[PDB]
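Visitor: In the authors' numbering, the protein residues as written are 99 to 268. Mind looking over this structure? Questions follow.
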């Protein structure tokens, strides 16, 4: 594992994300776990105390490599960094909670850029799912609107991104 300079004096979730980014030199702070893409989960129950902790750490890497949520991925990676650097233990829910706040306080920070990318991603998944549920409805809309079917999916995603991830009628 690469060493994180002063990971122990980081005061905010945004500053932690930015530290991992500069020291690994990777687009997003979870690319380093790519080997664990689609790894089977591990049942830690019954194992020795030591084995159980190692399995929880491996299962957290599987989450950072696999989760369908950018917010889960970012928080998992931050979890792993805090554990390796012996930072005070906080759960993945606490991490997400703290960076949900730091993004509302300043949407331009690293937390905020992360939330924006999570909303945009959720909006795209919502759009694809809706499309695949109402294939004929999307096609009817493309015909009438004089556009392609994918351009219709894109309009849904534009709408959903404007309202925190989910479609709402304007």
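No residue lacks a Cβ here, since even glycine has one placed at the ideal position from N, Cα and C.
Nearest-angstrom Cα distance between residue 127 and residue 199?
Guide: Locating residue 127 in the chain shown gives position 29, where the first residue counts as 1. Locating residue 199 in the chain shown gives position 101, where the first residue counts as 1. Their Cα atoms are separated by approximately 20 angstroms.
Visitor: Excluding five sequence neighbours on each side, which residues of the same chain lie with their C-beta closer than 7 angstroms to the C-beta of residue 182?
Guide: Along the chain shown, one-based indexing puts residue 182 at 84. Result list for residue 182: 99, in chain order.
Visitor: Have a look at 217, 205, 131 and flag the residue whose alpha-carbon is nearest the alpha-carbon of residue 176.
Guide: Position 78 of the chain shown, counting from 1, holds the residue named residue 176. Looking at the Cα atoms, 131 is the closest of the given residues.
Visitor: Considering only their Cβ atoms, is the gap separating residue 251 from residue 226 smaller than 8 angstroms?
Guide: Within the chain shown, the letter at position 128 stands for residue 226. Within the chain shown, the letter at position 153 stands for residue 251. Going by C-beta atoms, residue 226 is nearer than 8 angstroms to residue 251.
Visitor: What number of angstroms, rounded off, separates the C-alpha of residue 113 from the C-alpha of residue 162?
Guide: On the chain shown, residue 113 is found 15 positions in, with the first residue counted as 1. On the chain shown, residue 162 is found 64 positions in, with the first residue counted as 1. Distance between the alpha carbons of residue 113 and residue 162 is about 19 angstroms.
Visitor: If we count Cβ pairs, one from each stretch, closer than 8 angstroms, do we get three or more for the region 155 to 172 versus the region 130 to 147?
Guide: yes
Visitor: When the distance is taken between beta carbons, is residue 179 closer than 8 angstroms to residue 197?
Guide: To locate residue 197, count along the chain shown from 1; it is residue 99. To locate residue 179, count along the chain shown from 1; it is residue 81. No. Outside cutoff.
Visitor: What does a CB cutoff of less than 6 angstroms around residue 264 pick up in its chain, not counting 5 residues either side in sequence?
Guide: Taking the first residue of the chain shown as 1, we reach residue 264 at position 166. Cβ neighbours of residue 264 beyond the five flanking positions: 258.
Visitor: For the alpha helix (DSSP H) containing residue 210, name the first residue and the last one.
Guide: As a first step, residue 210 must be located in the chain shown, where it is residue number 112. Where residue 210 is concerned, the enclosing alpha helix (DSSP H) stretches over 208 to 231.
Visitor: Considering only residues of the same chain and omitting the five flanking positions on each side of residue 204, which have a CB-CB separation below 7 angstroms?
Guide: Against the chain shown, residue 204 aligns to sequence position 106. Closer than 7 angstroms at Cβ, skipping near neighbours: 210.
Visitor: Residue 153 to residue 174, Cα distance in whole Å?
Guide: Locating residue 153 in the chain shown gives position 55, counting from the first residue. Locating residue 174 in the chain shown gives position 76, counting from the first residue. Their Cα atoms are separated by approximately 14 angstroms.
Visitor: Does the beta carbon of residue 181 fall short of 7 angstroms from some heavy atom of the ligand ATP?
Guide: What this structure holds is no ligand at all, so the ligand ATP is not there to describe.
Visitor: Which residues in the same chain as residue 217 place their Cβ atom closer than 7 angstroms to its Cβ, once the five residues preceding and following it in sequence are excluded?
Guide: Counting from one through the chain shown, the residue named residue 217 turns up at place 119. If we look at residue 217 and ignore the five residues flanking it on each side, its Cβ neighbours are 259, 262, 263.
Visitor: May I ask which residues mark the beginning and end of the alpha helix (DSSP H) holding residue 260?
Guide: As a working mapping, residue 260 is identified with position 162 in the chain shown. 247 to 260 is the span of the alpha helix (DSSP H), which, as asked, contains residue 260.
Visitor: How would you label residue 241, buried or exposed, when you count the other beta carbons within 10 angstroms and need 16 or more for buried?
Guide: Here residue 241 corresponds to residue number 143 of the chain shown, with the count starting at 1. Residue 241 is exposed by the Cβ-count criterion.
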